[PDB]
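In the form deposited in one PDB entry, a lone chain appears below as structure tokens.
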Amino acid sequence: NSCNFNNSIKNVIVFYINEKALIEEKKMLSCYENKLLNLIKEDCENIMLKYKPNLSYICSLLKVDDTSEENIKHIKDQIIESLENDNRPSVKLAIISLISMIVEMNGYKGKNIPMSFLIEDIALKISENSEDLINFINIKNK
């Protein structure tokens, strides 16, 4: 369907987060990636709508107001650790929503390079075993 499913998911996540940052997209999506975007966008907007206090609480724990390189690295490692602890597709969707809030809170606009790599790094980890994530969001309605 695509050449590499993990790459598709990684591209979709970076694109989505940038879209929620109101950042000009640097790269557009393929036909297949755009299909996955539409599915993920609906799920993540619904999580944001239902669990905003829960995500805001996490952001308080993560001290998202601190955009220093040291604290951004700390946020990355804590999110990666939580994902390794609970690797399910639904968790990955929740984490995408969490990143969206982090970006909306700390005012990320593309120039904080450590934050850009946080987005890249977590997109990479979410994209591992993408087959399971794709099956979850396809069948979520299919």
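One rule holds for the numbers: they count along the sequence shown, beginning at 1. Shifts are known only where both forms have a C-alpha. Superpose the two forms; the largest set of C-alphas matching within 1.5 Å is the rigid core.
Quick note: we don't show the form deposited in another entry, though the next part is all about it.
Undergrad: Please look at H74, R88, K50, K26 and say which one has a C-alpha shift reaching 2 Å or more between the shown form and the other one, core superposed.
TA: The displaced C-alpha is that of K26.
Undergrad: Taking the rigid core as the reference frame, is the Cα of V14 displaced by 2 Å or more between the shown form and the other one?
TA: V14: C-alpha displaced by 2 Å or more between the shown form and the other one.
Undergrad: By 3 Å or more, the Cα spacing of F15 and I58 differs in the other entry; is it closer or farther than in this view?
TA: It is farther: the C-alpha separation of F15 and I58 rises by at least 3 Å in the other entry.
Undergrad: Once you compare with this form, do the C-alpha atoms of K20 and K35 lie closer or farther in the other entry, given a change of 3 Å or more?
TA: Farther apart, which means the C-alphas of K20 and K35 are at least 3 Å more distant in the other entry.
Undergrad: Once the rigid core is fitted, tell me which blocks of three or more consecutive residues have Cα atoms all displaced by 2 Å or more between the shown form and the other one.
TA: Moving stretch: 3 to 28 alone.
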